[PDB]
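Quick look at target.cif (mmCIF, N, CA and C atoms):
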data_input
loop_
_atom_site.label_atom_id
_atom_site.label_comp_id
_atom_site.auth_asym_id
_atom_site.auth_seq_id
_atom_site.Cartn_x
_atom_site.Cartn_y
_atom_site.Cartn_z
N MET A 1 15.28 10.58 0.85
CA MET A 1 15.34 10.23 -0.59
C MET A 1 14.59 8.89 -0.83
N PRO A 2 13.41 8.89 -1.53
CA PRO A 2 12.57 7.67 -1.69
C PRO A 2 13.13 6.64 -2.72
N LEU A 3 12.41 5.51 -2.85
CA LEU A 3 12.78 4.41 -3.77
C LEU A 3 12.01 4.58 -5.11
N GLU A 4 12.74 4.55 -6.23
CA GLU A 4 12.14 4.60 -7.60
C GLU A 4 12.51 3.31 -8.37
N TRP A 5 11.53 2.73 -9.10
CA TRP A 5 11.80 1.67 -10.07
C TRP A 5 11.82 2.23 -11.50
N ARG A 6 12.77 1.75 -12.30
CA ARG A 6 12.88 2.08 -13.73
C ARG A 6 13.18 0.80 -14.53
N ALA A 7 13.05 0.86 -15.86
CA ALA A 7 13.29 -0.31 -16.74
C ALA A 7 14.78 -0.73 -16.72
N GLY A 8 15.04 -2.03 -16.50
CA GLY A 8 16.41 -2.55 -16.38
C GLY A 8 16.98 -2.55 -14.94
N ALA A 9 16.23 -2.00 -13.95
CA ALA A 9 16.66 -1.96 -12.53
C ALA A 9 16.84 -3.38 -11.92
N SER A 10 17.72 -3.51 -10.91
CA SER A 10 18.24 -4.82 -10.43
C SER A 10 17.27 -5.53 -9.45
N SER A 11 17.45 -6.87 -9.32
CA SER A 11 16.58 -7.76 -8.51
C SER A 11 16.53 -7.36 -7.02
N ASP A 12 17.68 -6.94 -6.47
CA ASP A 12 17.79 -6.45 -5.07
C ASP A 12 16.86 -5.25 -4.82
N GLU A 13 16.80 -4.33 -5.80
CA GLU A 13 15.96 -3.12 -5.72
C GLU A 13 14.46 -3.46 -5.84
N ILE A 14 14.11 -4.44 -6.70
CA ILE A 14 12.69 -4.86 -6.90
C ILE A 14 12.16 -5.60 -5.64
N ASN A 15 13.00 -6.45 -5.04
CA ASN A 15 12.71 -7.10 -3.74
C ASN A 15 12.66 -6.07 -2.58
N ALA A 16 13.46 -4.99 -2.71
CA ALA A 16 13.43 -3.85 -1.76
C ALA A 16 12.11 -3.04 -1.90
N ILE A 17 11.56 -2.97 -3.14
CA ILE A 17 10.21 -2.42 -3.39
C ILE A 17 9.17 -3.27 -2.67
N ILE A 18 9.19 -4.59 -2.93
CA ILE A 18 8.25 -5.55 -2.31
C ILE A 18 8.27 -5.43 -0.76
N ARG A 19 9.48 -5.36 -0.18
CA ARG A 19 9.68 -5.24 1.29
C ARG A 19 9.11 -3.89 1.81
N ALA A 20 9.43 -2.78 1.12
CA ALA A 20 9.00 -1.41 1.51
C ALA A 20 7.47 -1.22 1.39
N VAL A 21 6.89 -1.71 0.28
CA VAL A 21 5.43 -1.67 0.01
C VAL A 21 4.67 -2.44 1.09
N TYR A 22 5.07 -3.70 1.28
CA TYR A 22 4.48 -4.62 2.28
C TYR A 22 4.56 -4.05 3.73
N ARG A 23 5.74 -3.52 4.10
CA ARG A 23 5.99 -2.95 5.45
C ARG A 23 5.14 -1.68 5.67
N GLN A 24 4.93 -0.92 4.58
CA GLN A 24 4.11 0.30 4.58
C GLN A 24 2.59 -0.02 4.65
N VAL A 25 2.15 -1.05 3.90
CA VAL A 25 0.72 -1.44 3.80
C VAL A 25 0.22 -2.15 5.09
N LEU A 26 1.03 -3.04 5.68
CA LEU A 26 0.62 -3.79 6.89
C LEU A 26 1.19 -3.16 8.19
N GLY A 27 2.19 -2.28 8.07
CA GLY A 27 2.77 -1.58 9.24
C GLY A 27 3.80 -2.42 10.01
N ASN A 28 3.33 -3.46 10.73
CA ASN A 28 4.17 -4.31 11.61
C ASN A 28 4.90 -5.43 10.80
N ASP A 29 5.85 -5.01 9.93
CA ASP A 29 6.75 -5.90 9.15
C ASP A 29 6.02 -7.05 8.38
N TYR A 30 4.76 -6.81 7.97
CA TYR A 30 3.98 -7.65 6.99
C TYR A 30 3.97 -9.19 7.25
N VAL A 31 3.48 -9.95 6.23
CA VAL A 31 3.42 -11.43 6.26
C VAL A 31 4.22 -12.05 5.07
N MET A 32 5.17 -12.95 5.38
CA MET A 32 5.84 -13.84 4.39
C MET A 32 5.83 -15.31 4.90
N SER A 33 6.65 -16.19 4.26
CA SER A 33 6.70 -17.66 4.56
C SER A 33 5.37 -18.36 4.19
N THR A 34 4.72 -17.84 3.12
CA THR A 34 3.38 -18.29 2.66
C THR A 34 3.20 -18.00 1.15
N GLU A 35 2.04 -18.39 0.57
CA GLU A 35 1.69 -18.09 -0.84
C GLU A 35 1.66 -16.56 -1.08
N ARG A 36 0.84 -15.88 -0.25
CA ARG A 36 0.70 -14.41 -0.22
C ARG A 36 0.23 -13.82 -1.60
N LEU A 37 1.19 -13.34 -2.43
CA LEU A 37 0.92 -12.58 -3.68
C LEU A 37 1.97 -12.94 -4.75
N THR A 38 2.33 -14.24 -4.82
CA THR A 38 3.38 -14.76 -5.75
C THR A 38 3.16 -14.34 -7.23
N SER A 39 1.87 -14.22 -7.64
CA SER A 39 1.48 -13.74 -8.99
C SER A 39 1.80 -12.24 -9.18
N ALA A 40 1.36 -11.40 -8.20
CA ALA A 40 1.52 -9.92 -8.25
C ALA A 40 3.01 -9.49 -8.19
N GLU A 41 3.79 -10.15 -7.32
CA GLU A 41 5.25 -9.96 -7.19
C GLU A 41 6.01 -10.32 -8.50
N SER A 42 5.57 -11.39 -9.18
CA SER A 42 6.12 -11.80 -10.50
C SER A 42 5.78 -10.79 -11.62
N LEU A 43 4.61 -10.14 -11.52
CA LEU A 43 4.20 -9.07 -12.47
C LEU A 43 5.06 -7.79 -12.29
N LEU A 44 5.43 -7.48 -11.03
CA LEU A 44 6.35 -6.35 -10.71
C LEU A 44 7.79 -6.67 -11.20
N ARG A 45 8.22 -7.92 -10.95
CA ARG A 45 9.52 -8.46 -11.41
C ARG A 45 9.62 -8.49 -12.96
N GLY A 46 8.49 -8.79 -13.62
CA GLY A 46 8.40 -8.81 -15.08
C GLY A 46 8.18 -7.43 -15.71
N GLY A 47 7.90 -6.40 -14.87
CA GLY A 47 7.61 -5.04 -15.35
C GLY A 47 6.25 -4.90 -16.05
N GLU A 48 5.36 -5.87 -15.79
CA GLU A 48 4.01 -5.94 -16.41
C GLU A 48 3.03 -4.93 -15.77
N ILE A 49 3.24 -4.64 -14.47
CA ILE A 49 2.41 -3.67 -13.70
C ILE A 49 3.27 -2.49 -13.20
N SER A 50 2.60 -1.38 -12.83
CA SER A 50 3.25 -0.22 -12.16
C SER A 50 3.38 -0.48 -10.65
N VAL A 51 4.25 0.31 -9.98
CA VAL A 51 4.41 0.25 -8.50
C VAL A 51 3.07 0.57 -7.79
N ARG A 52 2.30 1.56 -8.32
CA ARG A 52 0.92 1.87 -7.81
C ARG A 52 0.00 0.62 -7.80
N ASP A 53 0.00 -0.12 -8.92
CA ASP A 53 -0.87 -1.30 -9.10
C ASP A 53 -0.38 -2.49 -8.23
N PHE A 54 0.94 -2.54 -7.95
CA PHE A 54 1.52 -3.52 -7.01
C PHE A 54 1.06 -3.23 -5.56
N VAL A 55 1.21 -1.96 -5.12
CA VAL A 55 0.77 -1.49 -3.77
C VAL A 55 -0.75 -1.70 -3.59
N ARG A 56 -1.49 -1.51 -4.69
CA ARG A 56 -2.94 -1.77 -4.76
C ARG A 56 -3.23 -3.25 -4.44
N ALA A 57 -2.49 -4.16 -5.11
CA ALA A 57 -2.60 -5.63 -4.90
C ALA A 57 -2.24 -6.07 -3.45
N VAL A 58 -1.25 -5.39 -2.84
CA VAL A 58 -0.80 -5.68 -1.45
C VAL A 58 -1.82 -5.18 -0.40
N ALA A 59 -2.47 -4.05 -0.71
CA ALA A 59 -3.61 -3.53 0.07
C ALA A 59 -4.93 -4.29 -0.23
N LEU A 60 -4.99 -5.00 -1.38
CA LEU A 60 -6.14 -5.89 -1.73
C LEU A 60 -5.98 -7.30 -1.13
N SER A 61 -4.76 -7.64 -0.67
CA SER A 61 -4.45 -8.98 -0.11
C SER A 61 -5.37 -9.33 1.08
N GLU A 62 -5.89 -10.56 1.09
CA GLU A 62 -6.79 -11.04 2.16
C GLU A 62 -6.03 -11.21 3.49
N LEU A 63 -4.71 -11.42 3.43
CA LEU A 63 -3.84 -11.49 4.63
C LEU A 63 -3.75 -10.10 5.34
N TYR A 64 -3.92 -9.01 4.57
CA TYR A 64 -4.10 -7.65 5.14
C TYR A 64 -5.54 -7.49 5.74
N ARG A 65 -6.54 -8.02 5.02
CA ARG A 65 -7.97 -7.93 5.42
C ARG A 65 -8.28 -8.69 6.74
N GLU A 66 -7.89 -9.96 6.85
CA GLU A 66 -8.22 -10.81 8.03
C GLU A 66 -7.53 -10.30 9.31
N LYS A 67 -6.35 -9.71 9.14
CA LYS A 67 -5.51 -9.23 10.25
C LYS A 67 -5.96 -7.83 10.76
N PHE A 68 -6.38 -6.92 9.84
CA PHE A 68 -6.70 -5.50 10.20
C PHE A 68 -8.20 -5.11 10.07
N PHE A 69 -8.99 -5.87 9.30
CA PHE A 69 -10.47 -5.68 9.23
C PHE A 69 -11.23 -6.57 10.27
N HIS A 70 -10.76 -7.82 10.51
CA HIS A 70 -11.47 -8.77 11.42
C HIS A 70 -10.98 -8.68 12.89
N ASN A 71 -9.67 -8.46 13.08
CA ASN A 71 -9.05 -8.33 14.44
C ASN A 71 -9.11 -6.86 14.96
N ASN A 72 -9.69 -5.97 14.14
CA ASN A 72 -9.75 -4.51 14.39
C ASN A 72 -11.08 -3.93 13.84
N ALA A 73 -11.52 -2.79 14.41
CA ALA A 73 -12.77 -2.09 14.01
C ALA A 73 -12.65 -1.48 12.59
N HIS A 74 -13.73 -1.57 11.77
CA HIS A 74 -13.74 -1.08 10.36
C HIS A 74 -13.39 0.43 10.24
N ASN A 75 -13.88 1.26 11.19
CA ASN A 75 -13.50 2.70 11.26
C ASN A 75 -11.97 2.87 11.37
N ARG A 76 -11.38 2.13 12.32
CA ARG A 76 -9.91 2.05 12.51
C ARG A 76 -9.19 1.46 11.27
N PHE A 77 -9.84 0.51 10.57
CA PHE A 77 -9.30 -0.11 9.34
C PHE A 77 -9.16 0.93 8.20
N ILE A 78 -10.17 1.81 8.04
CA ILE A 78 -10.12 2.97 7.11
C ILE A 78 -8.98 3.94 7.52
N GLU A 79 -8.91 4.22 8.83
CA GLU A 79 -7.86 5.07 9.44
C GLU A 79 -6.44 4.48 9.22
N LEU A 80 -6.36 3.14 9.15
CA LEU A 80 -5.14 2.40 8.80
C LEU A 80 -4.84 2.50 7.28
N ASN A 81 -5.88 2.37 6.43
CA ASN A 81 -5.73 2.45 4.95
C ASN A 81 -5.14 3.82 4.51
N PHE A 82 -5.54 4.89 5.22
CA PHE A 82 -5.00 6.26 5.02
C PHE A 82 -3.48 6.34 5.33
N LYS A 83 -3.07 5.92 6.53
CA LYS A 83 -1.65 6.02 6.97
C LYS A 83 -0.73 5.02 6.23
N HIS A 84 -1.33 3.91 5.76
CA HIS A 84 -0.61 2.86 5.00
C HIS A 84 -0.41 3.20 3.51
N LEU A 85 -1.40 3.83 2.84
CA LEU A 85 -1.30 4.10 1.38
C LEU A 85 -1.03 5.60 1.07
N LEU A 86 -1.53 6.50 1.92
CA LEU A 86 -1.39 7.98 1.72
C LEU A 86 -0.33 8.57 2.69
N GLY A 87 -0.24 7.98 3.90
CA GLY A 87 0.65 8.48 4.97
C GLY A 87 -0.01 9.50 5.90
N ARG A 88 -1.37 9.54 5.93
CA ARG A 88 -2.15 10.53 6.75
C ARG A 88 -3.21 9.85 7.66
N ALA A 89 -3.91 10.66 8.48
CA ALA A 89 -4.99 10.20 9.39
C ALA A 89 -6.35 10.91 9.09
N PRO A 90 -7.46 10.16 8.80
CA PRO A 90 -8.79 10.76 8.50
C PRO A 90 -9.55 11.14 9.79
N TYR A 91 -9.10 12.23 10.43
CA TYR A 91 -9.71 12.75 11.67
C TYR A 91 -11.16 13.27 11.43
N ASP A 92 -11.51 13.50 10.14
CA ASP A 92 -12.87 13.91 9.74
C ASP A 92 -13.79 12.69 9.61
N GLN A 93 -14.90 12.70 10.35
CA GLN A 93 -15.93 11.63 10.28
C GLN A 93 -16.68 11.62 8.93
N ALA A 94 -16.75 12.78 8.25
CA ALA A 94 -17.28 12.87 6.86
C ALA A 94 -16.37 12.11 5.87
N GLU A 95 -15.06 12.16 6.13
CA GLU A 95 -14.03 11.46 5.34
C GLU A 95 -14.10 9.92 5.55
N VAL A 96 -14.23 9.50 6.83
CA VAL A 96 -14.37 8.08 7.20
C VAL A 96 -15.69 7.48 6.65
N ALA A 97 -16.80 8.23 6.82
CA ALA A 97 -18.15 7.84 6.33
C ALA A 97 -18.20 7.72 4.79
N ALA A 98 -17.44 8.58 4.08
CA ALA A 98 -17.31 8.54 2.61
C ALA A 98 -16.68 7.21 2.13
N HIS A 99 -15.58 6.81 2.79
CA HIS A 99 -14.86 5.55 2.48
C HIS A 99 -15.61 4.30 2.98
N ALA A 100 -16.35 4.43 4.09
CA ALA A 100 -17.24 3.36 4.60
C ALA A 100 -18.37 3.04 3.61
N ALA A 101 -18.98 4.10 3.04
CA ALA A 101 -20.06 3.96 2.03
C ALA A 101 -19.54 3.35 0.71
N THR A 102 -18.32 3.75 0.30
CA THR A 102 -17.62 3.17 -0.88
C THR A 102 -17.31 1.67 -0.65
N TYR A 103 -16.81 1.36 0.55
CA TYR A 103 -16.50 0.00 1.01
C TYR A 103 -17.73 -0.96 0.96
N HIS A 104 -18.89 -0.49 1.43
CA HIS A 104 -20.13 -1.30 1.44
C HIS A 104 -20.82 -1.38 0.04
N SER A 105 -20.88 -0.24 -0.67
CA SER A 105 -21.67 -0.14 -1.94
C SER A 105 -20.91 -0.68 -3.17
N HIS A 106 -19.58 -0.45 -3.22
CA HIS A 106 -18.73 -0.91 -4.35
C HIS A 106 -17.70 -1.99 -3.93
N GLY A 107 -17.63 -2.28 -2.62
CA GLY A 107 -16.80 -3.39 -2.11
C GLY A 107 -15.43 -2.95 -1.55
N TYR A 108 -14.76 -3.93 -0.90
CA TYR A 108 -13.39 -3.79 -0.32
C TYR A 108 -12.39 -3.23 -1.35
N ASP A 109 -12.46 -3.79 -2.58
CA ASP A 109 -11.58 -3.42 -3.70
C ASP A 109 -11.65 -1.91 -4.03
N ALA A 110 -12.88 -1.39 -4.16
CA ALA A 110 -13.13 0.02 -4.54
C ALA A 110 -12.62 1.02 -3.49
N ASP A 111 -12.76 0.67 -2.19
CA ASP A 111 -12.23 1.50 -1.08
C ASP A 111 -10.70 1.63 -1.21
N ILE A 112 -10.01 0.48 -1.33
CA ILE A 112 -8.53 0.41 -1.50
C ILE A 112 -8.06 1.20 -2.76
N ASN A 113 -8.79 1.03 -3.87
CA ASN A 113 -8.51 1.73 -5.15
C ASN A 113 -8.69 3.26 -5.00
N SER A 114 -9.60 3.69 -4.11
CA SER A 114 -9.84 5.14 -3.84
C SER A 114 -8.57 5.84 -3.28
N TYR A 115 -7.73 5.08 -2.54
CA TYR A 115 -6.44 5.60 -2.00
C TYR A 115 -5.32 5.60 -3.07
N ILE A 116 -5.27 4.54 -3.90
CA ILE A 116 -4.19 4.33 -4.90
C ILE A 116 -4.34 5.27 -6.13
N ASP A 117 -5.58 5.42 -6.59
CA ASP A 117 -5.91 6.23 -7.78
C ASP A 117 -6.20 7.72 -7.41
N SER A 118 -6.05 8.08 -6.12
CA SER A 118 -6.28 9.48 -5.64
C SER A 118 -5.15 10.41 -6.11
N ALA A 119 -5.49 11.69 -6.36
CA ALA A 119 -4.53 12.71 -6.85
C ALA A 119 -3.39 13.04 -5.85
N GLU A 120 -3.62 12.81 -4.55
CA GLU A 120 -2.59 12.99 -3.49
C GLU A 120 -1.53 11.86 -3.54
N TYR A 121 -1.98 10.61 -3.78
CA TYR A 121 -1.08 9.44 -3.93
C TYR A 121 -0.30 9.55 -5.26
N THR A 122 -1.08 9.71 -6.34
CA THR A 122 -0.57 10.01 -7.69
C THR A 122 0.15 11.39 -7.69
N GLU A 123 1.00 11.66 -8.71
CA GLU A 123 1.97 12.81 -8.73
C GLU A 123 3.11 12.65 -7.68
N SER A 124 2.74 12.68 -6.37
CA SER A 124 3.71 12.66 -5.24
C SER A 124 4.51 11.34 -5.14
N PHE A 125 3.86 10.21 -5.47
CA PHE A 125 4.53 8.88 -5.50
C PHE A 125 4.62 8.34 -6.95
N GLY A 126 3.85 8.93 -7.88
CA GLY A 126 3.84 8.50 -9.30
C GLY A 126 3.62 6.98 -9.54
N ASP A 127 3.89 6.50 -10.76
CA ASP A 127 3.79 5.05 -11.10
C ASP A 127 5.08 4.26 -10.75
N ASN A 128 6.20 4.98 -10.52
CA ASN A 128 7.55 4.37 -10.34
C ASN A 128 8.06 4.42 -8.87
N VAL A 129 7.61 5.42 -8.09
CA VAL A 129 8.15 5.64 -6.72
C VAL A 129 7.22 4.97 -5.66
N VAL A 130 7.86 4.35 -4.65
CA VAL A 130 7.17 3.60 -3.59
C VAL A 130 6.56 4.57 -2.53
N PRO A 131 5.25 4.40 -2.15
CA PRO A 131 4.62 5.19 -1.06
C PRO A 131 5.24 4.88 0.32
N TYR A 132 5.35 5.93 1.14
CA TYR A 132 5.87 5.85 2.52
C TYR A 132 5.00 6.70 3.45
N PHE A 133 4.98 6.34 4.75
CA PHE A 133 4.33 7.15 5.79
C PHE A 133 5.09 8.48 5.95
N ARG A 134 4.34 9.58 6.05
CA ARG A 134 4.91 10.93 6.19
C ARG A 134 5.67 11.06 7.54
N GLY A 135 7.01 10.95 7.46
CA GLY A 135 7.89 10.96 8.64
C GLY A 135 8.81 9.73 8.72
N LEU A 136 8.61 8.74 7.83
CA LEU A 136 9.39 7.47 7.81
C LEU A 136 10.03 7.21 6.42
N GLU A 137 11.37 7.02 6.42
CA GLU A 137 12.18 6.66 5.22
C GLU A 137 13.60 6.25 5.68
N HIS A 138 14.00 4.98 5.40
CA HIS A 138 15.31 4.42 5.85
C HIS A 138 15.94 3.51 4.75
N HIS A 139 15.58 3.75 3.48
CA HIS A 139 16.14 3.03 2.30
C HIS A 139 16.29 4.01 1.11
N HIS A 140 17.36 4.83 1.15
CA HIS A 140 17.60 5.88 0.13
C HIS A 140 18.14 5.28 -1.20
N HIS A 141 17.44 5.57 -2.30
CA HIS A 141 17.88 5.23 -3.68
C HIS A 141 18.09 6.54 -4.47
N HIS A 142 19.29 6.71 -5.05
CA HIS A 142 19.77 7.99 -5.64
C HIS A 142 18.81 8.56 -6.73
N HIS A 143 18.12 7.65 -7.44
CA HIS A 143 17.10 8.02 -8.45
C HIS A 143 16.14 6.83 -8.70
#
How would this structure read if it were set down as structure tokens?
Amino acid sequence: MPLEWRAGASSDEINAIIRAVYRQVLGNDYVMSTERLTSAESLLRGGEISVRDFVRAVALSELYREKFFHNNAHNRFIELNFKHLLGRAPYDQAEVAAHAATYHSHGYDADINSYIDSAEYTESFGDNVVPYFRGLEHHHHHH
């Protein structure tokens, strides 16, 4: 049973969104004790942005980029962006080459947005429900 945000929902649940999104996007329990995304987290807390646009900002974070693009191969970084935002693996080299070309021609931002604004991410996780890896869920919210 996944996590959903709605209007009037409590601070513990919104911080549980931030924890779940971050843990899903970076994999190994993310980065805190720093500036990070204090603006984006306040927009989620204020209800100014959707959960999709929050997850987009966490996958746009430079603390995700320096750790998984610079300390790891770009092909593997695309393979990470799939399992982190969609919950799948791009075993097709045509699929990896498509996102590599988007990454170089339209930038880091456009590649990340290709996962968030995709029809597989949308509908299944919607604007209110938090994305998870296919096979992982340990924070059940009744609705």
### Task
Counting only N, CA and C atoms, figure out which residue out of A:24, A:58, A:129, A:44 gets nearest to residue 85 (chain A).
A:24
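If all atoms listed in the file are the atoms counted, then among A:100, A:90, A:40, A:11 the closest residue to residue 74 (chain A) is A:100.
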### Query
Where does the PyMOL selection byres ((chain A and resi 122-128) around 6.5) land in this file, that is, which residues does it pick, as a list in words?
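Checking the PyMOL selection byres ((chain A and resi 122-128) around 6.5) against this file, the residues are residues 3, 4, 5, 6, 50, 51, 52, 116, 117, 118, 119, 120, 121, 129, 130 and 131 of chain A.
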### Query
Which distance in Å separates atom C of residue 112 (chain A) and atom C of residue 142 (chain A), to one decimal?
28.1 Å
Contact residues around residue 25 (chain A) with all atoms listed in the file at 8 Å, ignoring same-chain residues under 5 positions, as an mmCIF file with N, CA and C atoms, in the coordinates of the input:
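Result file follows (result29.cif):
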data_model
loop_
_atom_site.group_PDB
_atom_site.id
_atom_site.type_symbol
_atom_site.label_atom_id
_atom_site.label_comp_id
_atom_site.auth_asym_id
_atom_site.auth_seq_id
_atom_site.Cartn_x
_atom_site.Cartn_y
_atom_site.Cartn_z
ATOM 1 N N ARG A 19 9.480 -5.360 -0.180
ATOM 2 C CA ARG A 19 9.680 -5.240 1.290
ATOM 3 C C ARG A 19 9.110 -3.890 1.810
ATOM 4 N N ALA A 20 9.430 -2.780 1.120
ATOM 5 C CA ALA A 20 9.000 -1.410 1.510
ATOM 6 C C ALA A 20 7.470 -1.220 1.390
ATOM 7 N N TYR A 30 4.760 -6.810 7.970
ATOM 8 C CA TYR A 30 3.980 -7.650 6.990
ATOM 9 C C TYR A 30 3.970 -9.190 7.250
ATOM 10 N N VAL A 55 1.210 -1.960 -5.120
ATOM 11 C CA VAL A 55 0.770 -1.490 -3.770
ATOM 12 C C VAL A 55 -0.750 -1.700 -3.590
ATOM 13 N N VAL A 58 -1.250 -5.390 -2.840
ATOM 14 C CA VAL A 58 -0.800 -5.680 -1.450
ATOM 15 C C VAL A 58 -1.820 -5.180 -0.400
ATOM 16 N N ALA A 59 -2.470 -4.050 -0.710
ATOM 17 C CA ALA A 59 -3.610 -3.530 0.070
ATOM 18 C C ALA A 59 -4.930 -4.290 -0.230
ATOM 19 N N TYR A 64 -3.920 -9.010 4.570
ATOM 20 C CA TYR A 64 -4.100 -7.650 5.140
ATOM 21 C C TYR A 64 -5.540 -7.490 5.740
ATOM 22 N N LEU A 80 -6.360 3.140 9.150
ATOM 23 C CA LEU A 80 -5.140 2.400 8.800
ATOM 24 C C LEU A 80 -4.840 2.500 7.280
ATOM 25 N N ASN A 81 -5.880 2.370 6.430
ATOM 26 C CA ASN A 81 -5.730 2.450 4.950
ATOM 27 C C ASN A 81 -5.140 3.820 4.510
ATOM 28 N N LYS A 83 -3.070 5.920 6.530
ATOM 29 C CA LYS A 83 -1.650 6.020 6.970
ATOM 30 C C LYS A 83 -0.730 5.020 6.230
ATOM 31 N N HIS A 84 -1.330 3.910 5.760
ATOM 32 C CA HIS A 84 -0.610 2.860 5.000
ATOM 33 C C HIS A 84 -0.410 3.200 3.510
ATOM 34 N N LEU A 85 -1.400 3.830 2.840
ATOM 35 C CA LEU A 85 -1.300 4.100 1.380
ATOM 36 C C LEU A 85 -1.030 5.600 1.070
ATOM 37 N N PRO A 131 5.250 4.400 -2.150
ATOM 38 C CA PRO A 131 4.620 5.190 -1.060
ATOM 39 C C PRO A 131 5.240 4.880 0.320
ATOM 40 N N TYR A 132 5.350 5.930 1.140
ATOM 41 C CA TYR A 132 5.870 5.850 2.520
ATOM 42 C C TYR A 132 5.000 6.700 3.450
ATOM 43 N N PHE A 133 4.980 6.340 4.750
ATOM 44 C CA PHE A 133 4.330 7.150 5.790
ATOM 45 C C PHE A 133 5.090 8.480 5.950
#
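The smallest atom-to-atom distance between residue 45 (chain A) and any of A:75, A:102, A:114, A:15, using all atoms listed in the file, is found for A:15.
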### Message
Nearest residue to residue 63 (chain A) out of A:105, A:35, A:89, A:41, using only C-alpha atoms?
### Response
A:35
What box, with edges along x, y and z, holds each listed atom of region 111-122 of chain A when 3 Å is added on every side, and can you state its centre and edge lengths in Å to one decimal, as lines of an AutoDock Vina configuration file?
center_x = -6.3
center_y = 6.7
center_z = -4.4
size_x = 18.9
size_y = 18.6
size_z = 12.7
### Message
I'd like the interatomic distance between CA of residue 26 (chain A) and CA of residue 68 (chain A), to a tenth of an Å.
### Response
8.2 Å
Would you mind writing region 37-49 of chain A with N, CA, C and O atoms, as a short mmCIF file (atom, residue, chain, number, x, y, z; two decimals), in the frame of the given file?
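Final output, saved to out_31.cif:
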data_model
loop_
_atom_site.label_atom_id
_atom_site.label_comp_id
_atom_site.auth_asym_id
_atom_site.auth_seq_id
_atom_site.Cartn_x
_atom_site.Cartn_y
_atom_site.Cartn_z
N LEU A 37 1.19 -13.34 -2.43
CA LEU A 37 0.92 -12.58 -3.68
C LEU A 37 1.97 -12.94 -4.75
O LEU A 37 2.41 -12.08 -5.52
N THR A 38 2.33 -14.24 -4.82
CA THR A 38 3.38 -14.76 -5.75
C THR A 38 3.16 -14.34 -7.23
O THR A 38 4.12 -14.08 -7.96
N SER A 39 1.87 -14.22 -7.64
CA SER A 39 1.48 -13.74 -8.99
C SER A 39 1.80 -12.24 -9.18
O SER A 39 2.46 -11.86 -10.15
N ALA A 40 1.36 -11.40 -8.20
CA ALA A 40 1.52 -9.92 -8.25
C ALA A 40 3.01 -9.49 -8.19
O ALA A 40 3.43 -8.58 -8.92
N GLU A 41 3.79 -10.15 -7.32
CA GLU A 41 5.25 -9.96 -7.19
C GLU A 41 6.01 -10.32 -8.50
O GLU A 41 6.96 -9.63 -8.88
N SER A 42 5.57 -11.39 -9.18
CA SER A 42 6.12 -11.80 -10.50
C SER A 42 5.78 -10.79 -11.62
O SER A 42 6.56 -10.62 -12.56
N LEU A 43 4.61 -10.14 -11.52
CA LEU A 43 4.20 -9.07 -12.47
C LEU A 43 5.06 -7.79 -12.29
O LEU A 43 5.37 -7.11 -13.26
N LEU A 44 5.43 -7.48 -11.03
CA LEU A 44 6.35 -6.35 -10.71
C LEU A 44 7.79 -6.67 -11.20
O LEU A 44 8.47 -5.82 -11.79
N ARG A 45 8.22 -7.92 -10.95
CA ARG A 45 9.52 -8.46 -11.41
C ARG A 45 9.62 -8.49 -12.96
O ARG A 45 10.69 -8.23 -13.52
N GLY A 46 8.49 -8.79 -13.62
CA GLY A 46 8.40 -8.81 -15.08
C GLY A 46 8.18 -7.43 -15.71
O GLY A 46 8.27 -7.28 -16.93
N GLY A 47 7.90 -6.40 -14.87
CA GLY A 47 7.61 -5.04 -15.35
C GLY A 47 6.25 -4.90 -16.05
O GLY A 47 6.03 -3.95 -16.81
N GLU A 48 5.36 -5.87 -15.79
CA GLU A 48 4.01 -5.94 -16.41
C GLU A 48 3.03 -4.93 -15.77
O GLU A 48 2.12 -4.43 -16.43
N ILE A 49 3.24 -4.64 -14.47
CA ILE A 49 2.41 -3.67 -13.70
C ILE A 49 3.27 -2.49 -13.20
O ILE A 49 4.51 -2.57 -13.16
#
